[PDB]
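Student: So here's my_file-v7.pdb (PDB, C-alpha atoms).
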ATOM      1  CA  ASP W 954     204.289 122.939  34.131  1.00  0.00           C
ATOM      2  CA  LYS W 955     201.006 122.428  32.215  1.00  0.00           C
ATOM      3  CA  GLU W 956     201.347 125.769  30.381  1.00  0.00           C
ATOM      4  CA  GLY W 957     204.200 127.507  28.515  1.00  0.00           C
ATOM      5  CA  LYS W 958     207.007 128.243  31.017  1.00  0.00           C
ATOM      6  CA  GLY W 959     208.023 131.414  32.900  1.00  0.00           C
ATOM      7  CA  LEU W 960     210.367 131.954  35.851  1.00  0.00           C
ATOM      8  CA  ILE W 961     209.856 135.708  36.293  1.00  0.00           C
ATOM      9  CA  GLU W 962     207.707 136.450  33.220  1.00  0.00           C
ATOM     10  CA  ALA W 963     204.873 134.039  34.128  1.00  0.00           C
ATOM     11  CA  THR W 964     204.530 135.183  37.742  1.00  0.00           C
ATOM     12  CA  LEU W 965     203.559 138.551  36.217  1.00  0.00           C
ATOM     13  CA  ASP W 966     200.787 137.219  33.926  1.00  0.00           C
ATOM     14  CA  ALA W 967     199.569 135.300  36.976  1.00  0.00           C
ATOM     15  CA  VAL W 968     199.590 138.459  39.144  1.00  0.00           C
ATOM     16  CA  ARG W 969     198.205 140.495  36.216  1.00  0.00           C
ATOM     17  CA  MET W 970     194.726 138.904  35.994  1.00  0.00           C
ATOM     18  CA  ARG W 971     193.170 137.978  39.396  1.00  0.00           C
ATOM     19  CA  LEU W 972     193.796 140.962  41.733  1.00  0.00           C
ATOM     20  CA  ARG W 973     190.131 141.742  41.082  1.00  0.00           C
ATOM     21  CA  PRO W 974     189.076 138.695  43.210  1.00  0.00           C
ATOM     22  CA  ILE W 975     191.914 139.119  45.757  1.00  0.00           C
ATOM     23  CA  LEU W 976     190.726 142.718  46.289  1.00  0.00           C
ATOM     24  CA  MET W 977     186.904 142.562  46.072  1.00  0.00           C
ATOM     25  CA  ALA W 978     186.626 139.279  48.010  1.00  0.00           C
ATOM     26  CA  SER W 979     188.992 140.877  50.520  1.00  0.00           C
ATOM     27  CA  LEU W 980     186.973 144.127  50.462  1.00  0.00           C
ATOM     28  CA  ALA W 981     183.558 142.495  51.003  1.00  0.00           C
ATOM     29  CA  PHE W 982     185.226 140.690  53.919  1.00  0.00           C
ATOM     30  CA  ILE W 983     186.435 143.982  55.493  1.00  0.00           C
ATOM     31  CA  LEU W 984     182.961 145.554  55.281  1.00  0.00           C
ATOM     32  CA  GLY W 985     181.210 142.302  56.287  1.00  0.00           C
ATOM     33  CA  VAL W 986     183.192 142.400  59.536  1.00  0.00           C
ATOM     34  CA  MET W 987     182.680 146.177  59.970  1.00  0.00           C
ATOM     35  CA  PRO W 988     179.394 145.727  61.913  1.00  0.00           C
ATOM     36  CA  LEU W 989     181.390 143.551  64.359  1.00  0.00           C
ATOM     37  CA  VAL W 990     184.339 145.878  65.143  1.00  0.00           C
ATOM     38  CA  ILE W 991     182.077 148.689  66.398  1.00  0.00           C
ATOM     39  CA  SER W 992     178.545 149.666  65.210  1.00  0.00           C
ATOM     40  CA  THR W 993     177.301 147.904  68.362  1.00  0.00           C
ATOM     41  CA  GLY W 994     178.485 148.561  71.922  1.00  0.00           C
ATOM     42  CA  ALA W 995     175.405 147.095  73.622  1.00  0.00           C
ATOM     43  CA  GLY W 996     174.632 143.682  72.076  1.00  0.00           C
ATOM     44  CA  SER W 997     177.995 142.047  72.813  1.00  0.00           C
ATOM     45  CA  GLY W 998     181.655 142.986  73.271  1.00  0.00           C
ATOM     46  CA  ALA W 999     182.322 139.509  71.864  1.00  0.00           C
ATOM     47  CA  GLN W1000     181.499 140.914  68.409  1.00  0.00           C
ATOM     48  CA  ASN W1001     184.348 143.397  68.954  1.00  0.00           C
ATOM     49  CA  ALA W1002     186.767 140.604  69.953  1.00  0.00           C
ATOM     50  CA  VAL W1003     185.792 138.490  66.923  1.00  0.00           C
TER      51      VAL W1003
ATOM     52  CA  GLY N 403     183.107 135.759  54.522  1.00  0.00           C
ATOM     53  CA  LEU N 404     185.392 132.823  53.560  1.00  0.00           C
ATOM     54  CA  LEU N 405     182.581 130.858  51.820  1.00  0.00           C
ATOM     55  CA  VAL N 406     181.356 133.914  49.834  1.00  0.00           C
ATOM     56  CA  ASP N 407     184.966 134.522  48.775  1.00  0.00           C
ATOM     57  CA  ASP N 408     185.276 131.013  47.307  1.00  0.00           C
ATOM     58  CA  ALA N 409     181.981 131.550  45.458  1.00  0.00           C
ATOM     59  CA  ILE N 410     183.448 134.874  44.248  1.00  0.00           C
ATOM     60  CA  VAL N 411     186.421 133.237  42.462  1.00  0.00           C
ATOM     61  CA  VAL N 412     184.233 130.898  40.360  1.00  0.00           C
ATOM     62  CA  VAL N 413     181.761 133.721  39.582  1.00  0.00           C
ATOM     63  CA  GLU N 414     184.546 136.117  38.573  1.00  0.00           C
ATOM     64  CA  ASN N 415     186.641 133.641  36.554  1.00  0.00           C
ATOM     65  CA  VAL N 416     183.741 133.248  34.106  1.00  0.00           C
ATOM     66  CA  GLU N 417     183.416 137.055  33.994  1.00  0.00           C
ATOM     67  CA  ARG N 418     187.171 137.164  33.281  1.00  0.00           C
ATOM     68  CA  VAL N 419     187.348 134.516  30.517  1.00  0.00           C
ATOM     69  CA  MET N 420     184.349 136.180  28.840  1.00  0.00           C
ATOM     70  CA  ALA N 421     186.240 139.494  28.746  1.00  0.00           C
ATOM     71  CA  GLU N 422     189.707 138.096  27.927  1.00  0.00           C
ATOM     72  CA  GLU N 423     189.243 134.945  25.807  1.00  0.00           C
ATOM     73  CA  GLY N 424     186.140 136.281  24.021  1.00  0.00           C
ATOM     74  CA  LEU N 425     183.936 133.226  24.610  1.00  0.00           C
ATOM     75  CA  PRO N 426     180.379 133.750  25.986  1.00  0.00           C
ATOM     76  CA  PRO N 427     178.763 130.348  26.725  1.00  0.00           C
ATOM     77  CA  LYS N 428     179.003 127.390  29.160  1.00  0.00           C
ATOM     78  CA  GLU N 429     182.244 126.396  27.390  1.00  0.00           C
ATOM     79  CA  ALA N 430     183.806 129.601  28.767  1.00  0.00           C
ATOM     80  CA  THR N 431     182.960 128.559  32.355  1.00  0.00           C
ATOM     81  CA  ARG N 432     184.005 124.913  31.783  1.00  0.00           C
ATOM     82  CA  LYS N 433     187.780 125.524  31.474  1.00  0.00           C
ATOM     83  CA  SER N 434     187.982 127.953  34.425  1.00  0.00           C
ATOM     84  CA  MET N 435     187.678 125.121  36.976  1.00  0.00           C
ATOM     85  CA  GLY N 436     190.541 123.552  34.988  1.00  0.00           C
ATOM     86  CA  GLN N 437     192.819 125.942  36.894  1.00  0.00           C
ATOM     87  CA  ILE N 438     190.495 126.041  39.927  1.00  0.00           C
ATOM     88  CA  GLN N 439     190.384 122.215  40.255  1.00  0.00           C
ATOM     89  CA  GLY N 440     192.799 121.805  43.184  1.00  0.00           C
ATOM     90  CA  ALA N 441     192.222 125.462  44.058  1.00  0.00           C
ATOM     91  CA  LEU N 442     188.861 124.289  45.446  1.00  0.00           C
ATOM     92  CA  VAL N 443     189.490 120.728  46.688  1.00  0.00           C
ATOM     93  CA  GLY N 444     193.113 120.936  47.937  1.00  0.00           C
ATOM     94  CA  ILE N 445     192.610 124.346  49.578  1.00  0.00           C
ATOM     95  CA  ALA N 446     189.571 122.966  51.442  1.00  0.00           C
ATOM     96  CA  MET N 447     191.807 120.336  53.066  1.00  0.00           C
ATOM     97  CA  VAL N 448     194.246 123.034  54.273  1.00  0.00           C
ATOM     98  CA  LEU N 449     191.347 125.290  55.289  1.00  0.00           C
ATOM     99  CA  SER N 450     190.236 122.351  57.438  1.00  0.00           C
ATOM    100  CA  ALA N 451     193.911 121.717  58.297  1.00  0.00           C
ATOM    101  CA  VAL N 452     193.985 124.744  60.616  1.00  0.00           C
TER     102      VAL N 452
ATOM    103  CA  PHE B 513     182.462 155.819  30.934  1.00  0.00           C
ATOM    104  CA  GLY B 514     185.565 155.136  33.055  1.00  0.00           C
ATOM    105  CA  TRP B 515     185.217 154.122  36.697  1.00  0.00           C
ATOM    106  CA  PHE B 516     187.048 150.985  35.563  1.00  0.00           C
ATOM    107  CA  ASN B 517     189.772 153.294  34.192  1.00  0.00           C
ATOM    108  CA  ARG B 518     190.651 154.238  37.781  1.00  0.00           C
ATOM    109  CA  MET B 519     192.315 150.902  38.672  1.00  0.00           C
ATOM    110  CA  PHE B 520     193.406 149.543  35.256  1.00  0.00           C
ATOM    111  CA  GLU B 521     196.192 152.141  35.442  1.00  0.00           C
ATOM    112  CA  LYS B 522     196.834 150.865  38.982  1.00  0.00           C
ATOM    113  CA  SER B 523     197.072 147.288  37.663  1.00  0.00           C
ATOM    114  CA  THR B 524     199.768 148.158  35.100  1.00  0.00           C
ATOM    115  CA  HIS B 525     203.116 149.663  36.257  1.00  0.00           C
ATOM    116  CA  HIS B 526     201.664 150.795  39.621  1.00  0.00           C
ATOM    117  CA  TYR B 527     201.249 147.078  40.402  1.00  0.00           C
ATOM    118  CA  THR B 528     202.365 144.600  37.693  1.00  0.00           C
ATOM    119  CA  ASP B 529     205.622 146.401  36.798  1.00  0.00           C
ATOM    120  CA  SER B 530     206.000 147.389  40.469  1.00  0.00           C
ATOM    121  CA  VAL B 531     205.912 143.654  41.278  1.00  0.00           C
ATOM    122  CA  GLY B 532     208.744 143.297  38.744  1.00  0.00           C
ATOM    123  CA  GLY B 533     210.602 145.918  40.802  1.00  0.00           C
ATOM    124  CA  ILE B 534     210.752 143.971  44.085  1.00  0.00           C
ATOM    125  CA  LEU B 535     211.928 140.648  42.593  1.00  0.00           C
ATOM    126  CA  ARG B 536     214.303 142.705  40.421  1.00  0.00           C
ATOM    127  CA  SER B 537     216.105 143.155  43.766  1.00  0.00           C
ATOM    128  CA  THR B 538     214.722 140.395  46.070  1.00  0.00           C
ATOM    129  CA  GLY B 539     217.445 140.456  48.788  1.00  0.00           C
ATOM    130  CA  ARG B 540     216.109 143.582  50.532  1.00  0.00           C
ATOM    131  CA  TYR B 541     213.064 141.561  51.659  1.00  0.00           C
ATOM    132  CA  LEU B 542     215.038 138.689  53.223  1.00  0.00           C
ATOM    133  CA  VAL B 543     215.468 140.658  56.469  1.00  0.00           C
ATOM    134  CA  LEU B 544     212.471 143.017  56.096  1.00  0.00           C
ATOM    135  CA  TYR B 545     210.253 139.925  56.371  1.00  0.00           C
ATOM    136  CA  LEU B 546     212.370 138.826  59.357  1.00  0.00           C
ATOM    137  CA  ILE B 547     211.750 142.305  60.808  1.00  0.00           C
ATOM    138  CA  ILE B 548     208.013 141.543  60.484  1.00  0.00           C
ATOM    139  CA  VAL B 549     208.350 137.976  61.861  1.00  0.00           C
ATOM    140  CA  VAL B 550     210.476 138.959  64.890  1.00  0.00           C
ATOM    141  CA  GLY B 551     208.432 142.186  65.064  1.00  0.00           C
ATOM    142  CA  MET B 552     205.173 140.260  65.481  1.00  0.00           C
TER     143      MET B 552
END
Would you write the structure of this file as structure tokens?
Tutor:
Amino acid sequence: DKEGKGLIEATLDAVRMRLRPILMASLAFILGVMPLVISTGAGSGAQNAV
Amino acid sequence: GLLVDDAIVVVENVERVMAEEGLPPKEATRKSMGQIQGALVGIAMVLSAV
Amino acid sequence: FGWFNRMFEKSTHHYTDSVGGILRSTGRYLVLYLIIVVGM
């Protein structure tokens, strides 16, 4: 559209320079929720459910 | 998480145009939100839309 | 050094050209997705 074309060969250059975000933002999310899954079996079982 | 992850994209995209494009200043940041314009506003509506 | 070296090789071929591989075929994921949708 606003840049220079690409049916198959623009999807690549899209998915070639942003997997850093989509991994590290996804990774900090995994570990940020890690204290909820277990780590605590006394405070609340609601942390486990969430 | 979610909110950190949206702050991650705008932090990283400057750190990615500095490495790729070769521009160091405010002008490097500037044009990032040119692709992250509706990727902030429009996505907020659909984030709210669930 | 090269801690960054450990996933730049994962970005190329092992991801980017691997992504080329799935849409080089496409059709195989029409029902595999439906296996996930009906599976869930």
Student: Quick one: apply the ChimeraX specification (/W :<9) & /N to the file and drop the selected residues here as a list in words.
Tutor: residues 403, 404, 406, 407, 408, 410, 411, 414, 415 and 418 of chain N
Student: Using 10 Å as the limit and counting all atoms listed in the file, can you tabulate each residue of chain B that touches chain W, with its shortest atom-to-atom distance in Å and the two atoms involved, as a Markdown table?
Tutor:
| residue | atom | partner | partner_atom | distance |
| --- | --- | --- | --- | --- |
| B:519 | CA | W:973 | CA | 9.7 |
| B:523 | CA | W:969 | CA | 7.0 |
| B:524 | CA | W:969 | CA | 7.9 |
| B:527 | CA | W:969 | CA | 8.4 |
| B:528 | CA | W:969 | CA | 6.0 |
| B:529 | CA | W:965 | CA | 8.1 |
| B:531 | CA | W:965 | CA | 7.6 |
| B:532 | CA | W:965 | CA | 7.5 |
| B:535 | CA | W:961 | CA | 8.3 |
| B:536 | CA | W:961 | CA | 9.3 |
Student: Please, what distance in Å, to one decimal, runs between CA of residue 416 in chain N and CA of residue 431 in chain N?
Tutor: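 Between these atoms lies a distance of 5.1 Å.
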Student: Mind giving me the straight-line distance from CA of residue 440 in chain N to CA of residue 409 in chain N in Å, one decimal?
Tutor: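 Taking CA of residue 440 in chain N and CA of residue 409 in chain N, their separation equals 14.7 Å.
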Student: Please evaluate the PyMOL selection byres ((chain N and resi 430) around 12) against the structure above and give the resulting residues as an MDAnalysis selection string.
Tutor: chainID N and resid 412:429 431:436
Student: Would you compute the distance between CA of residue 438 in chain N and CA of residue 956 in chain W? Give it in Å to one decimal.
Tutor: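 That distance, rounded to one decimal, is 14.5 Å.
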Student: Selection in question (the file shown): the PyMOL selection byres ((chain W and resi 990) around 10). Which residues does it include, as a list in words?
Tutor: residues 984, 986, 987, 988, 989, 991, 992, 993, 994, 998, 999, 1000, 1001, 1002 and 1003 of chain W
Student: Build an axis-aligned box that encloses every atom of range 967-978 of chain W listed in the file, pad it by 8 Å on each side, and report its centre and edge lengths in Å to one decimal, as JSON.
Tutor:
{"center_x": 193.1, "center_y": 139.0, "center_z": 42.0, "size_x": 29.0, "size_y": 23.4, "size_z": 28.0}
